[PDB]
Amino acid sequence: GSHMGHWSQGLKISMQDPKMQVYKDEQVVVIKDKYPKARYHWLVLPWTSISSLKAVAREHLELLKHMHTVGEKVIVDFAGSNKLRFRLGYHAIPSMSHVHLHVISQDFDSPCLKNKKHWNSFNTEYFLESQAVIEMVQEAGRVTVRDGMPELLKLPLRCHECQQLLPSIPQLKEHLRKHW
């Protein structure tokens, strides 16, 4: 198939689709995640093309901080009165091209959350906090990731609120209901 039509390039199409945009400014766009893994799941993307955090440098530090500020503003504007819990961060090894910040509510109540890989990509060290990425760029000038990130996606299922171990995705989804 073509380069432009490859599945890994899909965010570059979605980020230009007005029906998926929830916020736009001179530097970034916010879209709904197409396969949301919680009740609220957005992606913040710069207009400028940066393939992944591997290509980030100090020239991008203001932009990474702006992406974080915009993510916080979207939470306030779209889900603020609910006083929900959110995390903002990056997957250590992404699958989709074009740098994107995940802004995700911590219920993880969604039919698109289907497997252990989904859970652990948001609930282990695989999920890099946005503030931690920002501080690494500021102090070290680039983002580095340690070996062993793919192995974390295989860790047994453990609740993020109470650390209980769960034997299956169905039982995990059932367990999460108690933390609403």
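In case it trips you up, residue 1 is the first one in the sequence shown, and so on.
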{"item": "Stretch exceeding the other in mean C-alpha B-factor - 35-43, 138-146", "value": "138-146"}
{"item": "Higher-scoring stretch by recorded Cα B factor average, 121-129 or 60-68", "value": "121-129"}
{"item": "Ranked against its chain, the third holding the CA B-factor of residue 16", "value": "middle"}
{"item": "CA B-factor ranking of residue 29, expressed as a third of its chain", "value": "lowest"}
{"item": "Within-chain third of residue 95 by Cα B-factor, per the entry", "value": "middle"}
{"item": "Chain-wide C-alpha B factor ranking for residue 106, given as lowest, middle or highest third", "value": "middle"}
{"item": "Record-listed C-alpha B factor of residue 87: chain third", "value": "lowest"}
